[PDB]
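Chemist: Next input, structure requested:
(chains A, B and C, ligands or ions: 3)
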Amino acid sequence: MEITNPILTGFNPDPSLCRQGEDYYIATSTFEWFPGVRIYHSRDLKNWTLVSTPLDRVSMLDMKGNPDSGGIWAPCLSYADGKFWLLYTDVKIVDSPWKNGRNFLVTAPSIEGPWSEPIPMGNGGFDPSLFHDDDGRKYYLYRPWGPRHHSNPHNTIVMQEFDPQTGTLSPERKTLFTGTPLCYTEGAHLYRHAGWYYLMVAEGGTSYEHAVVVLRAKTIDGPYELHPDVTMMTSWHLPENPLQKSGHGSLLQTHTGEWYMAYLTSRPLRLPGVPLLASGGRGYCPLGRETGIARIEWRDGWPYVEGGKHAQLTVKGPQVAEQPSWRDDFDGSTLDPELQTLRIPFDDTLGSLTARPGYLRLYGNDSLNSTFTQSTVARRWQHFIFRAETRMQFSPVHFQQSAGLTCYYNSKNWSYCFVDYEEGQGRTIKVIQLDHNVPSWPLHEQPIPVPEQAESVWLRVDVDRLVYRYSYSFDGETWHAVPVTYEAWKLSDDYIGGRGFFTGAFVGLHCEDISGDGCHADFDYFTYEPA
Amino acid sequence: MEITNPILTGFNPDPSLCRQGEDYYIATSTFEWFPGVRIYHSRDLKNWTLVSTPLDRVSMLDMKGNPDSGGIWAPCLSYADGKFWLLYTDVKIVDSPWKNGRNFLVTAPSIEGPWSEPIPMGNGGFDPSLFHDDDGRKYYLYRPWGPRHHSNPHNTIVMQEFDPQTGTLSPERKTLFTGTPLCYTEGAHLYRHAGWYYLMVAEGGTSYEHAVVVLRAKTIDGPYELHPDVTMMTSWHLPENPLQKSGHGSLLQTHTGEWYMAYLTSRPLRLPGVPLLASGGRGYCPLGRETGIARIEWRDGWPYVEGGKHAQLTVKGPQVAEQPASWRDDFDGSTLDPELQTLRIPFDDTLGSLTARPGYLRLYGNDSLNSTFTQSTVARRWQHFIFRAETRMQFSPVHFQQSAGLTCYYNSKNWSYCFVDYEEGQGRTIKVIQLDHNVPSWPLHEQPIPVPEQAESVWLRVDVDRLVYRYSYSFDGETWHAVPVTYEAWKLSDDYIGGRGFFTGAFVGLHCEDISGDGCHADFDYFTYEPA
Amino acid sequence: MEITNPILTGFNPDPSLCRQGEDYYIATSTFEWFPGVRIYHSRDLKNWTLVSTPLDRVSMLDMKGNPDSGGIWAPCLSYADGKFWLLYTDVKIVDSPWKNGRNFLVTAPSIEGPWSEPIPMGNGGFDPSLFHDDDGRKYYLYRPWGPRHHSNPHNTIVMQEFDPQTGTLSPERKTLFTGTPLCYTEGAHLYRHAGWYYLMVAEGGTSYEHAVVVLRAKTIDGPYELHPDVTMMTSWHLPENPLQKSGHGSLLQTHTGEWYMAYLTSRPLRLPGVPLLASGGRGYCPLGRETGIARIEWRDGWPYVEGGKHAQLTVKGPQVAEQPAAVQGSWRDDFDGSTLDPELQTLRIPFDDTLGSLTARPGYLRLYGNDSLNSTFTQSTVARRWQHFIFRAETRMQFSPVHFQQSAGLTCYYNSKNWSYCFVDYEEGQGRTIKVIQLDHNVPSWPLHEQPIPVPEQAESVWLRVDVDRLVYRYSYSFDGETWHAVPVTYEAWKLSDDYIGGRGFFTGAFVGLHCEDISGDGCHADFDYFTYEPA
Ligand SMILES: [Ca+2]
Ligand SMILES: [Ca+2]
Ligand SMILES: [Ca+2]
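Modeler: Residues are numbered from 1 along each chain as shown, chains lettered A, B, ... in the order given. Ligands and ions are numbered 1, 2, ... in the order given. Here you go, the structure:
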């Protein structure tokens, strides 16, 4: 068996790996998109399939007004006592010297649901984790935040005792780890193997300095001893490695006796001419942070990654039997699971699939730079070379109504090709781009006419590594290209930066109506064809 | 009679001046502070008193998660057909090349309520205005926003017809004005005097280049002719004038036949040594935008401001008898004093309670000052350059994420905060935290100020003296000690912060925070504000 | 008589106006260009022509390595006791919180006559002025510089007594004026009319806040009283006025009994869609600071500008005959003589055999290979002023480069970090090519280096041309002189403007001229037949 990393492609960071007998599950952070948390399933650790989106109700997770790169951060999904346990953080501040948020716990007797209503678990910090000890006791680990606790200079990991008969947490906090020179300690996880308690932390930040640090101790409350190599997996010292930003491990033992751990990784795109170790020369990652897997072997009571500390494209699989491009025609009663909205559930306010059978009707709402209510249905970029296409019927009557196709990273970085109405000219096509909150509208002074007798307008985006371009048609056979060439590497975390650089790029449909009078756009289908 | 502008002091911009019989009202914007819209009252245009805060329900106004300098922008209060009309805008986007928001209409048979539920009025633009024509028809004016409509390069003023019986707007839009070279056209108002329609607009932006432009036309749809002097009131050309940023007028005729116009103005503080016309030399305004009044005379069919274009400290009052002409809250009643306001959310049991411990204000633990969602902050406006605010506090923190105290607040990225917390190896301590352009400053965290264990109450006090302000504390109420940090008051000012959200002013108030979420409470006995 | 302002078009700031008999002279600052100081002559205050460039030797002016916007600052030209007096400052520091420099004095019997060796007169400050009192004594005014003396917060005017017989300056300093709220006090000048001493100072800086402030006193040492309106001339309150940045006056009385004052002004170009009083909305001035004239009348012991405080396009002339004028704007140099035409200037060094020669090949200007346009030491650049918003400059060049480090062509120049350059060079594979290089706030832009324009091998000459049309300017080339082709790059002319660059060195304007460079140092030369400048 041979697994090719990344196992999950596209925006899929912070893997949480668990198992229920012979079934393996990975939970992935979703941030400001709805529904939150994506759970993938496998029986051979090579082929993964979406199986659940638990946080799909407003009563369980509300994001309206949340800032960019906020929302659902690293989740923790584990199985014990015949039920699943899922912990998530709802971050409300990102651009600030310190952040605030909320932590919740939900449970379910099966991966498909039903999921119980959330139980508050405190707001002391992020990267929560629940440790199920062998004596029946449960512990709650997290990294405190607040003033002077964001690596200026404090970065500690604390632990609380959890009572599952009542649902309360003990007020006593015990510190387990204070930091390593690389800093940015996070991602606490506790494991019990042999006679030692192993603590796995993520250090150096989610950028090219990411690393995984393993400590060990005999008693749960420390003191903890560092790894002989300090770092167990990192790709910072290999700038030419195909996989980069390797960190945030999630360790698990399989039913065959082997040991594996899931980590986040990114595949960068490098601009020509820029020096390798210069600012921005290590690459740009338009696909965001993906998830890979690695094998673990045991030497003298410490874990080691087979083949070295870097992230490898090929890993050896378990000793199990192996088990046996995208389009949405909008024929059914529910949206395709690969399509997600922004911060709010998909209901009659944004659109409907029953008003006009066979089409996705999107109602007019705020623009793409809004954090409150936008009619956007988008999906992840999963390849460097792909083509997305849609068929749209739309009849605007003033200049504040628009609908079309967009490429989206955050509220201050997106592109948008759309059909609108010009007074005295009729239906036209323009493109609007935001780059670091700087607008760019080159076609507004002379837009592309759209024939009156054109019943449908086709739209298409083609991405070829570093560039992507838009195209249009009125008959579905002859295609014309909008004369603007865009740069895909600007929809990447390494370019935007800030304190909100954790998402990735998306492609999807959008309809807006600033006036609020009322409009709707019907989309026949949505196709995503890779090379 | 003599009137001494600034009539309303502190954070009180965008005056909308109306009248009923012999009673005069002014409605001022509140931005992200709850409850929204403050309505003052007078019978002589000299002495003003707060009389109503209509937007006091979540069903009528919801700000949770709203950005800084968002929320309620310039309102419009009008009286016609036996009831009041109030139009307000709830802006949801500020820091972007273009903005988004919603408009609403609420009516009431009296100034003290009851106010009806809001009626949607379109999301197309801000500064909405309703014109009650003499033939019974009503028109709805607003300045559109969106891409290429924020003075890059379009800035227009459009009009729709309003049906009062049904509550609907006609889909047709009529453009009235396209803009002068000053740009930043906003604040539309229509008036009918003699046989002319007068359109009053504000131009140049709410900074030192603010101006008021007057147009006139024979029929409501235009075309409009500019003023002979273009600008009717401006203070941009006099940099040493005491009152600056004179603009955004609201014009009203009194029952005695005289014409008056209310405008926003500011009083700046100037740093020593900075050139007058250099960057930041015209002054800093820590009290925000305040409201003044002016007298208007008519000359050959155009309005003019008596005394000149600029804003004056003293103006001549109307021909009415003068009505007969410090602050503290002891927390003894069932409701907070109307001068105290919360941030984006109503004051309910989640934020605090005045009943759990009678005579004390109990503030519960919620998010920090840099939060846009839920904070237990009760604050009031700065109204003077020299003042002293004091409070008495009882608090027993357990860990380092519990804190409460006294603060000076402008926005979520610019504030100061003196508080009492718990340190692991010492006990109760006093620390100060300052945010300046989102840059932290904590000079007392390494060596905090100890607090005696058997000290039942801890006093806190802020003294502001023009350009600087300081903190102080006590444990007995008679002997005071000073925290050795000096802060700049001019940094809580619009001219320093900048951006697309430079529209509020400084505040002083109480805060209690609990990042950990276990649950804590702080009791404040009183809140005093004594000017020099 | 009607005078149309500005009288001197283009880069011509800091007018120092003097007179001898019935002849009037204006001396203008030159900054980092050589030769320094340009003196214009008129007999009617309407038509001015160049008459002298005094500082033309290294022994009198050495600027090698001087920073941008340095060199010769505001000069003072005065006439007394039968000989001219010229005061100049050589500023060596610009990009610093405070500045350093040197002041000198030179004299000559005639405006073109031989100027004596400079006399050091102190390095204490800039804007030097010499006051010739009627009792024979002479006083030396200047604005001190240094730490805490650049309007943070000090800005004063000081006076020293000067002895002409021995060339010595008295050590004692007397402070005359400490500054108004507008600040940036400079441009000190003393005048005696009636029984009063009048002190004229420039305030607010050389940007749109520029103003002229007049004081008066009975005794020379003070105390001084400010004008009954603080400012005698300003244009800050009229953002739509054609003339802006009106300041730095220099008052003079004519032999007919009238009073006139020369001041610096600029004509801005406004980009569409930008608010008038926003950041950069008042305009951009690609032609730099230019000199105008104004009339002054007397009312109750104070001077006032006729028509208002602002600068006017048209003013009323004196009571003299307008000596005839001549056709303008059709300047060309065919390089047939022995010296360059006076309208062409070099950068920081005198024109000698190191840079070029007019005698190696008669009829052609041979420019030798030296450092590039970003160098402050030795460039083979011969340039002239922009005087119009719409013009065309054309030249014919013969050049045979061997490697990629040799180039020659036409350029538009403001400073070392802001210029454009269309040139002919050699590429290792193809041969002779045409490329364009632009610096904009010191970030390069070379769009034609990957795919350059071929130049035929049998082409003996390559024509080059720049066409400026208000806000844009483009380049063009030809190989036969009849058929022209355009380089497909459009450039913004308003970016070669002081309102755009900013800094502590925004004191100049744009230039057009020829440039030849050889970074390798092996040795090369470019022959230019002519240089034309045709206004629309
Ligand atoms: Ca379909
Ligand atoms: Ca009390
Ligand atoms: Ca010749």
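
Chemist: so where do the helices sit in chain A?
Modeler: Remark: helices assigned in chain A by DSSP state H are A:493-496.

Chemist: from the stretch 151-300 of chain A, which residue is nearest to ligand 1?
Modeler: Per CB to the ion, residue A:287 is where the stretch 151-300 of chain A lies closest to ligand 1, at 28.2 Å. For the C-beta atoms, the positions are set from N, CA and C on the backbone; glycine is no exception.

Chemist: doesn't residue A:505 make contact with that residue?
Modeler: Yes - assessed by CB atoms under 8 Å, residue A:287 is found in contact with residue A:505 at 7.0 Å.

Chemist: Same drill for the two, tell me which one is more crowded.
Modeler: A count of neighbours by other CB atoms under 10 Å in any protein chain shown puts residue A:505 above the other of residue A:287 and residue A:505, at 28 against 24.

Chemist: List the residues that contact the more buried one.
Modeler: Contact analysis of residue A:505 by CB atoms under 8 Å, 6 or more residues apart in numbering or on different chains lists A:11, A:286, A:287, A:288, A:380, A:381, A:407, A:408, A:409, A:488, A:491, A:492.

Chemist: One more pass at 10 Å, please.
Modeler: Going by CB atoms under 10 Å, 6 or more residues apart in numbering or on different chains, residue A:505 touches A:10-11, A:285-288, A:378, A:380-381, A:407-410, A:413-415, A:463, A:468, A:488-493.

Chemist: Could you list the contact residues of the stretch 1-150 of chain A toward chain C?
Modeler: Applying CB under 10 Å from any CB of the partner chain, we find that the stretch 1-150 of chain A lies next to chain C at no residue.

Chemist: Quick one: the strands in the stretch 1-150 of chain A, in order.
Modeler: Using DSSP state E, counting those that start in this stretch, the strands assigned to the stretch 1-150 of chain A run over residues A:2-4, A:16-20, A:23-28, A:33-34, A:38-42, A:49-52, A:71-72, A:76-80, A:83-91, A:101-108, A:119-120, A:125-132, A:138-144.

Chemist: Residue A:190: which of those strands is closest?
Modeler: Among the strands of the stretch 1-150 of chain A, the nearest to residue A:190 by CB to CB is strand A:125-132 (4.2 Å).

Chemist: what lines up beside the closest one in the sheet?
Modeler: strand A:138-144 (antiparallel) (DSSP bridges).

Chemist: Buried residues of stretch A:155-171, list them for me.
Modeler: A:155, A:157, A:158, A:159, A:160, A:161, A:162, A:164, A:169 (16 or more other CB atoms under 10 Å in any protein chain shown).

Chemist: just the residues you listed that are near chain C?
Modeler: Among the buried residues of stretch A:155-171, no residue sits close to chain C (CB under 10 Å from any CB).

Chemist: show me the residues around the closest residue to chain B within chain A that make contact.
Modeler: Of all residues in chain A, the one sitting closest to chain B is residue A:65 (2.2 Å; CB to the nearest CB). By CB under 10 Å, 6+ apart, the contact list for residue A:65 reads A:92, A:343, A:370-373, B:62-67, B:92, B:344, B:372-373.

Chemist: hmm, 6 Å instead?
Modeler: The contact partners of residue A:65, taken as CB atoms under 6 Å, 6 or more residues apart in numbering or on different chains, are A:371, B:65.

Chemist: And residue A:249, by the same measure?
Modeler: Residue A:249 touches A:200, A:212, A:261, A:263, counting by CB under 6 Å, 6+ apart.

Chemist: what does residue A:341 give?
Modeler: Taking CB under 6 Å, 6+ apart, we find residue A:341 in contact with residue A:34.

Chemist: one step back: intersection of neighbour lists for residue A:287 and residue A:505?
Modeler: Common neighbours of residue A:287 and residue A:505 (criterion: CB under 6 Å, 6+ apart): residue A:381.

Chemist: Excluding chain neighbours, give the residue nearest to residue A:393 in space.
Modeler: Distances taken as CB to CB, 6 or more residues apart in numbering or on different chains put residue A:522 closest to residue A:393, at 4.7 Å, once the chain neighbours are dropped.

Chemist: what is the one you found paired to in the beta sheet?
Modeler: Judged by DSSP bridges, the bridge partners of residue A:522 are residue A:361, residue A:393.

Chemist: neighbours around it, how many?
Modeler: Residue A:522: 20 neighbours (other CB under 10 Å).

Chemist: Verify the stated contact: it with residue A:361.
Modeler: Yes - assessed by CB atoms under 6 Å, residue A:522 is found in contact with residue A:361 at 5.4 Å.

Chemist: what about residue A:451, neighbour count?
Modeler: 11.

Chemist: Point me to the residue of the stretch 1-150 of chain A nearest chain C.
Modeler: Closest point on the stretch 1-150 of chain A to chain C, by CB to the nearest CB, is residue A:95, at 24.5 Å.

Chemist: I'd guessed residue A:121 sits against residue A:106; true?
Modeler: No - the criterion here is CB under 6 Å, and residue A:121 misses it with residue A:106 at 10.4 Å.

Chemist: which one of these two has more residues nearby?
Modeler: Higher neighbour count among residue A:121 and residue A:106: residue A:121, with 23 against 20, using other CB under 10 Å.

Chemist: who touches the more buried one in this structure?
Modeler: Applying CB under 6 Å, 6+ apart, the residues contacting residue A:121 are A:103, A:105.

Chemist: Can you name the residue of the stretch 251-400 of chain A nearest to ligand 2?
Modeler: For the stretch 251-400 of chain A, CB to the ion, closest residue to ligand 2: residue A:372, 39.7 Å.

Chemist: phi, psi of that residue?
Modeler: Dihedral angles of residue A:372 (phi, psi; degrees, to the nearest 10) stand at phi -120, psi -60.

Chemist: Skipping adjacent residues, who's closest to it in space?
Modeler: Residue A:372 sits nearest to residue B:92 (CB to CB, 6+ apart), 5.2 Å away.

Chemist: quick one: that neighbour from ligand 3, how far?
Modeler: Here the criterion is CB to the ion, to the nearest Å. By it, residue B:92 lies 70 Å from ligand 3.

Chemist: What lies in contact with stretch A:33-44?
Modeler: Residues contacting stretch A:33-44 (CB under 6 Å, 6+ apart): A:24-28, A:30, A:48-56, A:61, A:72, A:75, A:320, A:322-323, A:340-341, A:345.

Chemist: make that stretch A:422-439, sorry
Modeler: A:412-417, A:419, A:421, A:440-441, A:443-444, A:447-448, A:450, A:472, A:482, A:484, A:490, B:97.

Chemist: Go through those residues and flag which are in strands.
Modeler: Among those, the residues falling in strands (DSSP state E) are A:413, A:414, A:415, A:416, A:417, A:419, A:421, A:440, A:448, A:472, A:482, A:484.

Chemist: Now for residue A:77, how many residues are close by?
Modeler: Around residue A:77 there are 25 residues (other CB under 10 Å).

Chemist: nope, residue A:300 is what I meant
Modeler: 6.

Chemist: again with residue A:13
Modeler: A count of nearby residues for residue A:13, using other CB under 10 Å, gives 24.

Chemist: wait, doesn't it sit right on residue A:290?
Modeler: No - counting by CB under 6 Å, residue A:13 does not reach residue A:290; the two are 7.7 Å apart.

Chemist: And stretch A:22-31, how far out from the chain middle?
Modeler: 12 Å (CA atoms, centre = their mean, to the nearest Å).

Chemist: start to end distance for it?
Modeler: 29 Å (CA to CA, to the nearest Å).

Chemist: got the contact list for it?
Modeler: So stretch A:22-31 is contacted by A:12-18, A:36-42, A:71-75, A:77, A:255, A:503 (CB under 6 Å, 6+ apart).

Chemist: now do 8 Å
Modeler: Residues from elsewhere that reach stretch A:22-31, judged by CB under 8 Å, 6+ apart: A:8, A:12-19, A:36-43, A:45, A:48, A:51, A:69-77, A:86, A:111, A:252, A:254-255, A:262, A:291, A:320, A:340, A:502-503.
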